[PDB]
Number of protein chains: 2
Amino acid sequence: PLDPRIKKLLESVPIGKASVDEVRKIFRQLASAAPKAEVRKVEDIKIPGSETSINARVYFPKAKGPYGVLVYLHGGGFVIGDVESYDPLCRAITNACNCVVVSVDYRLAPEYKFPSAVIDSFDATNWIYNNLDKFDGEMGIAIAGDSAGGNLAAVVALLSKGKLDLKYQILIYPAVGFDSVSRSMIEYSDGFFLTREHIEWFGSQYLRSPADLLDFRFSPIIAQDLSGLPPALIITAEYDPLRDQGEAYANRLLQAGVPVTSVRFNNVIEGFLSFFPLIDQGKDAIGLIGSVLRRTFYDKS
Amino acid sequence: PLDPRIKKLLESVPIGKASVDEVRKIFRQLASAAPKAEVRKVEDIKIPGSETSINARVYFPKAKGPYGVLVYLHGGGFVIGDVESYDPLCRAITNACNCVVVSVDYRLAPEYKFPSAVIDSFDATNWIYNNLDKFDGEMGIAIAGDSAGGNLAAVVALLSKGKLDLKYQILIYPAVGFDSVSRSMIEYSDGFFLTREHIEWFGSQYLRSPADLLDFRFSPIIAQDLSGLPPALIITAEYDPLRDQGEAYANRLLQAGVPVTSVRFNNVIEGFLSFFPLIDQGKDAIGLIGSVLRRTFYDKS
Ligand SMILES: CCCCCCCCO[C@@H]1O[C@H](CO)[C@@H](O)[C@H](O)[C@H]1O
Ligand SMILES: CCCCCCCCO[C@@H]1O[C@H](CO)[C@@H](O)[C@H](O)[C@H]1O
């Protein structure tokens with residue numbers, strides 16, 4: 001069952017039942033309420049994308065350089081969330097990994113439909129790779145994201161094959177495409193914070209037509225060739241409609257010869273890292289991310 | 001684990017690794033080896049379809065009329081199987097249900113691509129409904145099929161809304177559309193008679209393009225409205241890549257207010273009803289089908 005702590009929270013975001021502005025506001029207040037751990041320096045920058053000027057926030061750790069750079073893509077169903085609501089989580093990650101984190105404000109739906117978020121996410125990653133020197137970031141680049149952001153991170157890793165050299169991909173309860181059949185999707189369709197009704201609404205805002213469901217930049221799990229992608233850490237949550245599809249993607253990567261550490265956090269729900277001050281398991285997931293990135297960037301414990 | 005009987009069989013059909021003719025031959029010899037239980041009368045007929053003359057075999061039970069009529073759509077990945085290979089199973093079903101069974105030779109891929117099988121299956125069902133008197137079949141019509149045939153049966157039930165009155169749908173380890181993510185699909189991808197490599201090959205023969213994956217006549221589980229469909233008996237197998245998607249469809253029907261009895265036969269594989277002389281559980285599944293149809297057609301135990 002759910003951790004009693006989480007059950008108590010759920011019993012005590014109205015996607016599709018309030019205006020876009022109102023749902024965005026509600027999420028901002030939930031996510032940004034978490035404590036902001038001190039980092040060494042924070043800078044807001046503008047990345048020149050192919051289609052837009054992309055805002056991003058750069059977090060520097062207290063540890064001395066040189067650093068690896070983690071590009072972070074926030075979740076929120078391609079519609080809600082932003083860099084500022086994810087500030088507490090990105091600070092926590094910065095401190096865990098002793099690395100630079102660059103959180104990207106990719107274009108959101110409904111204002112900008114698919115593939116806008118993908119284009120911005122890839123363009124940002126490409127620019128950061130080519131400008132690692134600006135961050136004393138010569139130990140390399142990795143990509144991470146949660147939920148919709150995990151989708152984007154997985155897709156960026158695909159698009160980066162033969163263009164950039166990503167060291168790692170961190171997929172935090174990722175969405176990996178169209179799923180009408182998995183047990184977790186059916187079973188945890190209602191009552192676990194992210195619902196099927198929400199999922200459907202997000203999809204209706206982001207995608208242009210059903211054909212986009214079959215585009216690998218939405219459904220990376222149908223990509224022709226997953227071989228040669230960066231090693232992955234894939235975190236899933238036991239009581240999450242997206243659980244089975246995340247674990248499916250892990251299995252497909254493994255079958256393609258890509259190293260994958262796939263870990264299911266039991267007793268928790270989608271979004272649990274955003275709730276780290278309340279949900280202890282969220283702190284431990286952040287710590288696991290830290291371990292993996294300190295090893296890949298620095299060869300450190 | 002698998003029933004040891006089945007493990008022993010598997011250890012002792014080369015889809016995609018032999019010619020279409022050769023795979024068809026191999027399946028014919030496996031399936032048609034089962035005993036042919038006596039029925040009262042067998043007749044071959046021709047049904048005038050919208051696009052072709054459709055061959056079908058009619059089995060009459062020893063019980064006296066009047067009868068219900070079960071339209072049966074064989075499996076084989078839309079490529080293999082035929083009425084004659086399914087003769088032993090259809091005879092077994094006839095005797096279990098005390099009803100008329102009409103087994104349909106729908107057009108097969110690669111010679112005829114999607115939606116040919118669907119068109120023939122629906123046309124046959126429509127003609128039988130309108131000609132029940134020819135079979136002393138006034139107790140009504142139901143639809144059934146296994147695997148690819150379960151797909152067709154589910155789709156026929158959808159297409160029949162507002163056109164015909166089906167009493168029941170029997171979906172025997174059905175395929176219900178595109179699935180890149182379910183646990184059963186991933187876990188039982190290899191070594192359980194039907195494999196993912198097979199599934200992919202069948203799909204490549206039947207579908208015209210990826211867009212067909214999103215057509216409700218291939219993926220009934222994405223249909224807009226499942227309400228008002230006939231009551232269902234859905235049989236799944238524990239060690240079957242299609243298991244989770246069949247159970248998903250059951251859940252979606254239930255949520256739409258359609259009566260569903262969803263039963264997972266443990267310890268067995270896809271196709272187990274075709275192996276009834278060896279696999280006892282297959283005989284018991286046939287018996288369950290019998291119970292449900294004697295009740296719906298005759299209000300009998
Ligand atoms: C957590 C965020 C993941 C969102 C996944 C969306 C799954 C696909 O969303 C679907 O696609 C179609 C295209 O708009 C629409 O017809 C439907 O609204 C929706 O069911
Ligand atoms: C047991 C029979 C069920 C067959 C299910 C097929 C699942 C979809 O099949 C897919 O669709 C595409 C269209 O041809 C192809 O690109 C691929 O071959 C295949 O993966």
# chains A, B, ... in the order shown; residues from 1 in each chain; ligands from 1
$ residues_near_ligand --ligand "ligand 1" --cutoff "9 Å" --atoms "only C-alpha atoms and all ligand atoms" --output "JSON, numbers by chain"
{"A": [75, 76, 77, 78, 79, 147, 148, 149, 151, 174, 175, 176, 177, 178, 179, 180, 194, 195, 196, 197, 198, 199, 200, 201, 202, 203, 204, 205, 206, 207, 208, 209, 210, 211, 212, 213, 218, 242], "B": [222]}
$ write_last_selection --atoms "N, CA, C and O atoms" --output "short mmCIF file (atom, residue, chain, number, x, y, z; two decimals), in the first residue's frame"
data_model
loop_
_atom_site.label_atom_id
_atom_site.label_comp_id
_atom_site.auth_asym_id
_atom_site.auth_seq_id
_atom_site.Cartn_x
_atom_site.Cartn_y
_atom_site.Cartn_z
N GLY A 75 8.91 18.58 -15.27
CA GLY A 75 7.63 17.98 -15.59
C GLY A 75 6.46 18.94 -15.45
O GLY A 75 6.61 20.15 -15.22
N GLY A 76 5.27 18.38 -15.60
CA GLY A 76 4.03 19.16 -15.67
C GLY A 76 3.18 18.91 -16.91
O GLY A 76 2.40 19.78 -17.32
N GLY A 77 3.29 17.72 -17.51
CA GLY A 77 2.36 17.32 -18.57
C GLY A 77 2.46 18.12 -19.86
O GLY A 77 1.54 18.13 -20.69
N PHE A 78 3.59 18.78 -20.03
CA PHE A 78 3.88 19.67 -21.15
C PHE A 78 3.10 20.96 -21.10
O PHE A 78 3.16 21.73 -22.05
N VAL A 79 2.37 21.20 -20.01
CA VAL A 79 1.47 22.35 -19.89
C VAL A 79 1.76 23.23 -18.68
O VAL A 79 1.69 24.46 -18.77
N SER A 147 8.68 12.96 -15.36
CA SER A 147 7.36 12.82 -16.00
C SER A 147 7.37 13.28 -17.48
O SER A 147 8.06 12.68 -18.29
N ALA A 148 6.61 14.33 -17.83
CA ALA A 148 6.75 14.92 -19.17
C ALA A 148 8.20 15.32 -19.46
O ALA A 148 8.69 15.18 -20.57
N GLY A 149 8.91 15.79 -18.44
CA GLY A 149 10.31 16.14 -18.59
C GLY A 149 11.23 14.93 -18.80
O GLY A 149 12.28 15.03 -19.42
N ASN A 151 10.09 12.27 -20.47
CA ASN A 151 9.82 12.07 -21.89
C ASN A 151 10.83 12.90 -22.72
O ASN A 151 11.50 12.38 -23.60
N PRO A 174 9.31 8.68 -15.99
CA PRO A 174 9.09 9.27 -17.31
C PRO A 174 7.81 8.78 -17.98
O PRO A 174 7.37 7.67 -17.73
N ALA A 175 7.22 9.63 -18.81
CA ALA A 175 6.24 9.21 -19.81
C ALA A 175 7.04 8.84 -21.05
O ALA A 175 7.95 9.56 -21.43
N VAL A 176 6.76 7.71 -21.67
CA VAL A 176 7.54 7.29 -22.84
C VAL A 176 6.72 7.06 -24.08
O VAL A 176 7.24 6.53 -25.06
N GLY A 177 5.46 7.49 -24.04
CA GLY A 177 4.65 7.54 -25.24
C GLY A 177 3.20 7.20 -25.00
O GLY A 177 2.67 7.37 -23.89
N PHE A 178 2.57 6.72 -26.05
CA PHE A 178 1.18 6.36 -26.00
C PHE A 178 1.05 5.00 -25.31
O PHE A 178 1.85 4.09 -25.56
N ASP A 179 0.10 4.91 -24.40
CA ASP A 179 -0.14 3.70 -23.60
C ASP A 179 -1.63 3.64 -23.27
O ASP A 179 -2.13 4.42 -22.46
N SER A 180 -2.32 2.69 -23.90
CA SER A 180 -3.74 2.46 -23.66
C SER A 180 -3.99 1.14 -22.95
O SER A 180 -5.15 0.80 -22.69
N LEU A 194 -1.61 12.03 -10.16
CA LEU A 194 -1.75 12.07 -11.62
C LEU A 194 -2.77 11.03 -12.04
O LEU A 194 -2.61 9.84 -11.73
N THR A 195 -3.79 11.46 -12.79
CA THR A 195 -4.88 10.58 -13.21
C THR A 195 -4.91 10.42 -14.73
O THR A 195 -4.27 11.19 -15.46
N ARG A 196 -5.67 9.43 -15.19
CA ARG A 196 -5.86 9.21 -16.63
C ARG A 196 -6.57 10.39 -17.28
O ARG A 196 -6.23 10.78 -18.40
N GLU A 197 -7.56 10.94 -16.59
CA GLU A 197 -8.28 12.12 -17.07
C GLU A 197 -7.31 13.29 -17.28
O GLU A 197 -7.39 14.02 -18.29
N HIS A 198 -6.37 13.45 -16.35
CA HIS A 198 -5.32 14.46 -16.48
C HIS A 198 -4.44 14.18 -17.68
O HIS A 198 -4.13 15.08 -18.47
N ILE A 199 -4.02 12.92 -17.81
CA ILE A 199 -3.11 12.51 -18.86
C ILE A 199 -3.75 12.85 -20.19
O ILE A 199 -3.09 13.43 -21.06
N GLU A 200 -5.03 12.50 -20.33
CA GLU A 200 -5.76 12.73 -21.57
C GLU A 200 -5.86 14.22 -21.88
O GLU A 200 -5.67 14.65 -23.02
N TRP A 201 -6.11 15.02 -20.85
CA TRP A 201 -6.19 16.47 -21.03
C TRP A 201 -4.85 17.05 -21.46
O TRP A 201 -4.80 17.89 -22.37
N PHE A 202 -3.78 16.62 -20.80
CA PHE A 202 -2.45 17.11 -21.16
C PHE A 202 -2.16 16.77 -22.62
O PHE A 202 -1.65 17.60 -23.38
N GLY A 203 -2.47 15.53 -23.01
CA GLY A 203 -2.24 15.08 -24.38
C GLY A 203 -3.01 15.93 -25.38
O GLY A 203 -2.48 16.25 -26.46
N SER A 204 -4.24 16.30 -25.02
CA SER A 204 -5.10 17.11 -25.89
C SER A 204 -4.57 18.53 -26.06
O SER A 204 -4.82 19.19 -27.08
N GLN A 205 -3.83 19.02 -25.07
CA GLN A 205 -3.24 20.35 -25.15
C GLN A 205 -1.95 20.35 -25.95
O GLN A 205 -1.66 21.31 -26.66
N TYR A 206 -1.16 19.30 -25.80
CA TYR A 206 0.19 19.23 -26.36
C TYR A 206 0.23 18.72 -27.78
O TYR A 206 0.92 19.27 -28.62
N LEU A 207 -0.46 17.61 -28.04
CA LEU A 207 -0.33 16.98 -29.36
C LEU A 207 -1.23 17.69 -30.34
O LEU A 207 -2.26 18.23 -29.97
N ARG A 208 -0.84 17.67 -31.61
CA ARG A 208 -1.60 18.36 -32.67
C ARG A 208 -2.69 17.47 -33.24
O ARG A 208 -3.76 17.96 -33.64
N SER A 209 -2.41 16.18 -33.31
CA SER A 209 -3.33 15.20 -33.89
C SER A 209 -2.91 13.82 -33.41
O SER A 209 -1.81 13.67 -32.89
N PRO A 210 -3.77 12.80 -33.59
CA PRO A 210 -3.32 11.44 -33.23
C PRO A 210 -2.00 10.95 -33.87
O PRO A 210 -1.32 10.12 -33.27
N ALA A 211 -1.64 11.42 -35.06
CA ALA A 211 -0.40 11.01 -35.70
C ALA A 211 0.84 11.28 -34.84
O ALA A 211 1.84 10.55 -34.93
N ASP A 212 0.78 12.35 -34.04
CA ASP A 212 1.89 12.67 -33.14
C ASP A 212 2.16 11.58 -32.11
O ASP A 212 3.26 11.48 -31.60
N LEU A 213 1.15 10.75 -31.82
CA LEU A 213 1.31 9.63 -30.89
C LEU A 213 2.34 8.62 -31.38
O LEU A 213 2.94 7.89 -30.57
N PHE A 218 7.62 11.88 -29.39
CA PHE A 218 6.64 11.74 -28.31
C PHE A 218 6.70 10.37 -27.67
O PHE A 218 6.53 10.26 -26.45
N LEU A 242 2.22 5.74 -14.86
CA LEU A 242 3.34 5.65 -15.81
C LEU A 242 4.38 4.58 -15.47
O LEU A 242 5.36 4.38 -16.18
N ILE B 222 -8.88 1.92 -28.17
CA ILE B 222 -8.93 3.39 -28.26
C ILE B 222 -10.25 3.92 -28.83
O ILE B 222 -10.38 5.13 -29.05
#
$ closest_atom_pairs --of "chain A" --to "ligand 2" --cutoff "12 Å" --atoms "only C-alpha atoms and all ligand atoms" --output "CSV"
residue,atom,partner,partner_atom_place_in_ligand_line,distance
A:214,CA,ligand 2,12 (C),10.3
A:221,CA,ligand 2,20 (O),11.4
A:222,CA,ligand 2,20 (O),8.4
A:223,CA,ligand 2,16 (O),10.5
A:224,CA,ligand 2,16 (O),9.3
$ residues_around --residues "range 276-290 of chain B" --least-positions-apart "2" --cutoff "8 Å" --atoms "only C-alpha atoms" --output "list in words"
residues 5, 6, 34, 35, 92, 93, 96, 97, 98, 170, 233, 235, 265, 268, 272, 273, 274, 292, 293 and 294 of chain B
$ select_by_dssp --residues "range 140-185 of chain B" --states "alpha helix (DSSP H)" --output "list in words"
residues 148, 149, 150, 151, 152, 153, 154, 155, 156, 157, 158, 159, 160, 183, 184 and 185 of chain B
$ write_last_selection --atoms "C-alpha atoms" --output "short mmCIF file (atom, residue, chain, number, x, y, z; two decimals), in the first residue's frame"
data_model
loop_
_atom_site.label_atom_id
_atom_site.label_comp_id
_atom_site.auth_asym_id
_atom_site.auth_seq_id
_atom_site.Cartn_x
_atom_site.Cartn_y
_atom_site.Cartn_z
CA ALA B 148 -6.09 -12.00 -34.02
CA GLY B 149 -9.62 -13.45 -34.22
CA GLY B 150 -10.37 -11.96 -30.81
CA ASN B 151 -9.28 -8.60 -32.20
CA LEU B 152 -11.72 -9.10 -35.09
CA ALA B 153 -14.53 -10.20 -32.79
CA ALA B 154 -14.05 -7.13 -30.54
CA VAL B 155 -14.02 -4.86 -33.60
CA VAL B 156 -17.10 -6.54 -35.08
CA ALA B 157 -18.93 -5.90 -31.79
CA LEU B 158 -17.97 -2.20 -32.05
CA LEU B 159 -19.05 -1.91 -35.68
CA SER B 160 -22.31 -3.72 -34.86
CA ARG B 183 4.57 -5.80 -18.68
CA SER B 184 3.27 -9.03 -20.19
CA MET B 185 4.31 -7.95 -23.66
#
$ closest_atom_pairs --of "chain A" --to "chain B" --cutoff "6 Å" --atoms "only C-alpha atoms" --output "CSV"
residue,atom,partner,partner_atom,distance
A:181,CA,B:245,CA,4.9
A:182,CA,B:182,CA,4.4
A:245,CA,B:181,CA,4.9
A:248,CA,B:181,CA,5.3
$ closest_residue --among "A:124, A:220, A:165, A:255" --to "residue 48 in chain A" --atoms "only C-alpha atoms"
A:124
$ decode --residues "range 207-239 of chain A" --atoms "N, CA, C and O atoms" --output "PDB file, in the first residue's frame"
ATOM      1  N   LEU A 207      -0.458  17.610 -28.042  1.00  0.00           N
ATOM      2  CA  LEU A 207      -0.327  16.985 -29.355  1.00  0.00           C
ATOM      3  C   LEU A 207      -1.234  17.687 -30.342  1.00  0.00           C
ATOM      4  O   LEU A 207      -2.257  18.228 -29.966  1.00  0.00           O
ATOM      5  N   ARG A 208      -0.842  17.667 -31.612  1.00  0.00           N
ATOM      6  CA  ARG A 208      -1.602  18.364 -32.665  1.00  0.00           C
ATOM      7  C   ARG A 208      -2.692  17.470 -33.239  1.00  0.00           C
ATOM      8  O   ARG A 208      -3.759  17.957 -33.642  1.00  0.00           O
ATOM      9  N   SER A 209      -2.409  16.175 -33.312  1.00  0.00           N
ATOM     10  CA  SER A 209      -3.331  15.199 -33.888  1.00  0.00           C
ATOM     11  C   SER A 209      -2.911  13.822 -33.413  1.00  0.00           C
ATOM     12  O   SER A 209      -1.809  13.671 -32.887  1.00  0.00           O
ATOM     13  N   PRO A 210      -3.766  12.799 -33.594  1.00  0.00           N
ATOM     14  CA  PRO A 210      -3.322  11.445 -33.227  1.00  0.00           C
ATOM     15  C   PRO A 210      -2.003  10.948 -33.869  1.00  0.00           C
ATOM     16  O   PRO A 210      -1.318  10.121 -33.275  1.00  0.00           O
ATOM     17  N   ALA A 211      -1.639  11.425 -35.058  1.00  0.00           N
ATOM     18  CA  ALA A 211      -0.399  11.011 -35.699  1.00  0.00           C
ATOM     19  C   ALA A 211       0.838  11.284 -34.842  1.00  0.00           C
ATOM     20  O   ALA A 211       1.840  10.552 -34.925  1.00  0.00           O
ATOM     21  N   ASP A 212       0.779  12.352 -34.037  1.00  0.00           N
ATOM     22  CA  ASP A 212       1.892  12.674 -33.141  1.00  0.00           C
ATOM     23  C   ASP A 212       2.156  11.576 -32.109  1.00  0.00           C
ATOM     24  O   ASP A 212       3.262  11.482 -31.597  1.00  0.00           O
ATOM     25  N   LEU A 213       1.149  10.748 -31.824  1.00  0.00           N
ATOM     26  CA  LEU A 213       1.313   9.627 -30.894  1.00  0.00           C
ATOM     27  C   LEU A 213       2.339   8.618 -31.377  1.00  0.00           C
ATOM     28  O   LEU A 213       2.939   7.887 -30.568  1.00  0.00           O
ATOM     29  N   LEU A 214       2.538   8.563 -32.693  1.00  0.00           N
ATOM     30  CA  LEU A 214       3.447   7.608 -33.320  1.00  0.00           C
ATOM     31  C   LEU A 214       4.797   8.217 -33.695  1.00  0.00           C
ATOM     32  O   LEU A 214       5.644   7.547 -34.300  1.00  0.00           O
ATOM     33  N   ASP A 215       4.996   9.491 -33.353  1.00  0.00           N
ATOM     34  CA  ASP A 215       6.237  10.193 -33.633  1.00  0.00           C
ATOM     35  C   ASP A 215       7.196   9.804 -32.501  1.00  0.00           C
ATOM     36  O   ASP A 215       6.822   9.884 -31.343  1.00  0.00           O
ATOM     37  N   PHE A 216       8.406   9.369 -32.825  1.00  0.00           N
ATOM     38  CA  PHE A 216       9.354   8.930 -31.798  1.00  0.00           C
ATOM     39  C   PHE A 216       9.727  10.053 -30.828  1.00  0.00           C
ATOM     40  O   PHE A 216      10.229   9.781 -29.747  1.00  0.00           O
ATOM     41  N   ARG A 217       9.468  11.307 -31.201  1.00  0.00           N
ATOM     42  CA  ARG A 217       9.789  12.441 -30.341  1.00  0.00           C
ATOM     43  C   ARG A 217       8.708  12.645 -29.295  1.00  0.00           C
ATOM     44  O   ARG A 217       8.833  13.519 -28.436  1.00  0.00           O
ATOM     45  N   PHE A 218       7.623  11.877 -29.394  1.00  0.00           N
ATOM     46  CA  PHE A 218       6.637  11.743 -28.309  1.00  0.00           C
ATOM     47  C   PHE A 218       6.695  10.368 -27.668  1.00  0.00           C
ATOM     48  O   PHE A 218       6.526  10.256 -26.452  1.00  0.00           O
ATOM     49  N   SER A 219       6.893   9.339 -28.484  1.00  0.00           N
ATOM     50  CA  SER A 219       6.945   7.948 -28.038  1.00  0.00           C
ATOM     51  C   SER A 219       8.320   7.343 -28.308  1.00  0.00           C
ATOM     52  O   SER A 219       8.487   6.553 -29.222  1.00  0.00           O
ATOM     53  N   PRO A 220       9.332   7.701 -27.510  1.00  0.00           N
ATOM     54  CA  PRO A 220      10.672   7.184 -27.744  1.00  0.00           C
ATOM     55  C   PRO A 220      10.768   5.658 -27.721  1.00  0.00           C
ATOM     56  O   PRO A 220      11.661   5.088 -28.330  1.00  0.00           O
ATOM     57  N   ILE A 221       9.837   5.010 -27.024  1.00  0.00           N
ATOM     58  CA  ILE A 221       9.880   3.568 -26.951  1.00  0.00           C
ATOM     59  C   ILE A 221       9.603   2.876 -28.300  1.00  0.00           C
ATOM     60  O   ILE A 221       9.940   1.710 -28.450  1.00  0.00           O
ATOM     61  N   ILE A 222       9.029   3.585 -29.279  1.00  0.00           N
ATOM     62  CA  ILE A 222       8.910   2.982 -30.618  1.00  0.00           C
ATOM     63  C   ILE A 222      10.049   3.372 -31.563  1.00  0.00           C
ATOM     64  O   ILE A 222      10.013   3.022 -32.746  1.00  0.00           O
ATOM     65  N   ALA A 223      11.072   4.063 -31.068  1.00  0.00           N
ATOM     66  CA  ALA A 223      12.231   4.383 -31.913  1.00  0.00           C
ATOM     67  C   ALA A 223      12.812   3.129 -32.572  1.00  0.00           C
ATOM     68  O   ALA A 223      12.813   2.051 -31.980  1.00  0.00           O
ATOM     69  N   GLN A 224      13.295   3.272 -33.805  1.00  0.00           N
ATOM     70  CA  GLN A 224      13.816   2.131 -34.561  1.00  0.00           C
ATOM     71  C   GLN A 224      15.037   1.484 -33.913  1.00  0.00           C
ATOM     72  O   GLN A 224      15.186   0.259 -33.917  1.00  0.00           O
ATOM     73  N   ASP A 225      15.904   2.306 -33.337  1.00  0.00           N
ATOM     74  CA  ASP A 225      17.161   1.806 -32.823  1.00  0.00           C
ATOM     75  C   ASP A 225      17.548   2.543 -31.557  1.00  0.00           C
ATOM     76  O   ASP A 225      17.902   3.712 -31.605  1.00  0.00           O
ATOM     77  N   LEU A 226      17.480   1.848 -30.426  1.00  0.00           N
ATOM     78  CA  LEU A 226      17.868   2.432 -29.146  1.00  0.00           C
ATOM     79  C   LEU A 226      19.325   2.213 -28.789  1.00  0.00           C
ATOM     80  O   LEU A 226      19.776   2.697 -27.750  1.00  0.00           O
ATOM     81  N   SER A 227      20.076   1.513 -29.638  1.00  0.00           N
ATOM     82  CA  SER A 227      21.455   1.185 -29.322  1.00  0.00           C
ATOM     83  C   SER A 227      22.298   2.442 -29.345  1.00  0.00           C
ATOM     84  O   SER A 227      21.968   3.398 -30.051  1.00  0.00           O
ATOM     85  N   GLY A 228      23.357   2.450 -28.548  1.00  0.00           N
ATOM     86  CA  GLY A 228      24.309   3.556 -28.545  1.00  0.00           C
ATOM     87  C   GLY A 228      23.882   4.758 -27.725  1.00  0.00           C
ATOM     88  O   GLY A 228      24.574   5.768 -27.713  1.00  0.00           O
ATOM     89  N   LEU A 229      22.741   4.666 -27.043  1.00  0.00           N
ATOM     90  CA  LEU A 229      22.272   5.773 -26.209  1.00  0.00           C
ATOM     91  C   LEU A 229      23.051   5.824 -24.896  1.00  0.00           C
ATOM     92  O   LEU A 229      23.685   4.847 -24.509  1.00  0.00           O
ATOM     93  N   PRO A 230      22.980   6.965 -24.185  1.00  0.00           N
ATOM     94  CA  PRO A 230      23.729   7.057 -22.943  1.00  0.00           C
ATOM     95  C   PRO A 230      23.203   6.114 -21.872  1.00  0.00           C
ATOM     96  O   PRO A 230      22.010   5.816 -21.856  1.00  0.00           O
ATOM     97  N   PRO A 231      24.089   5.684 -20.972  1.00  0.00           N
ATOM     98  CA  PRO A 231      23.630   4.901 -19.836  1.00  0.00           C
ATOM     99  C   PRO A 231      22.510   5.653 -19.112  1.00  0.00           C
ATOM    100  O   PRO A 231      22.490   6.899 -19.094  1.00  0.00           O
ATOM    101  N   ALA A 232      21.583   4.892 -18.527  1.00  0.00           N
ATOM    102  CA  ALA A 232      20.384   5.438 -17.923  1.00  0.00           C
ATOM    103  C   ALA A 232      20.205   5.013 -16.485  1.00  0.00           C
ATOM    104  O   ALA A 232      20.533   3.882 -16.107  1.00  0.00           O
ATOM    105  N   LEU A 233      19.643   5.942 -15.715  1.00  0.00           N
ATOM    106  CA  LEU A 233      19.049   5.661 -14.414  1.00  0.00           C
ATOM    107  C   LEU A 233      17.583   5.969 -14.619  1.00  0.00           C
ATOM    108  O   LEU A 233      17.251   7.085 -15.000  1.00  0.00           O
ATOM    109  N   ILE A 234      16.714   4.989 -14.384  1.00  0.00           N
ATOM    110  CA  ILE A 234      15.291   5.146 -14.591  1.00  0.00           C
ATOM    111  C   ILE A 234      14.616   4.862 -13.256  1.00  0.00           C
ATOM    112  O   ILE A 234      14.753   3.772 -12.711  1.00  0.00           O
ATOM    113  N   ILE A 235      13.944   5.865 -12.719  1.00  0.00           N
ATOM    114  CA  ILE A 235      13.243   5.755 -11.456  1.00  0.00           C
ATOM    115  C   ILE A 235      11.762   5.677 -11.751  1.00  0.00           C
ATOM    116  O   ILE A 235      11.223   6.518 -12.473  1.00  0.00           O
ATOM    117  N   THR A 236      11.092   4.683 -11.186  1.00  0.00           N
ATOM    118  CA  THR A 236       9.638   4.610 -11.276  1.00  0.00           C
ATOM    119  C   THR A 236       9.057   4.593  -9.880  1.00  0.00           C
ATOM    120  O   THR A 236       9.775   4.432  -8.890  1.00  0.00           O
ATOM    121  N   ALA A 237       7.759   4.827  -9.820  1.00  0.00           N
ATOM    122  CA  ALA A 237       7.015   4.826  -8.561  1.00  0.00           C
ATOM    123  C   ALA A 237       5.980   3.725  -8.611  1.00  0.00           C
ATOM    124  O   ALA A 237       5.347   3.482  -9.645  1.00  0.00           O
ATOM    125  N   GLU A 238       5.790   3.045  -7.489  1.00  0.00           N
ATOM    126  CA  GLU A 238       4.927   1.874  -7.465  1.00  0.00           C
ATOM    127  C   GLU A 238       3.493   2.207  -7.830  1.00  0.00           C
ATOM    128  O   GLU A 238       2.870   1.454  -8.579  1.00  0.00           O
ATOM    129  N   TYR A 239       2.973   3.318  -7.303  1.00  0.00           N
ATOM    130  CA  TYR A 239       1.563   3.707  -7.483  1.00  0.00           C
ATOM    131  C   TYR A 239       1.451   4.873  -8.423  1.00  0.00           C
ATOM    132  O   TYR A 239       1.103   5.980  -8.021  1.00  0.00           O
TER     133      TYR A 239
END
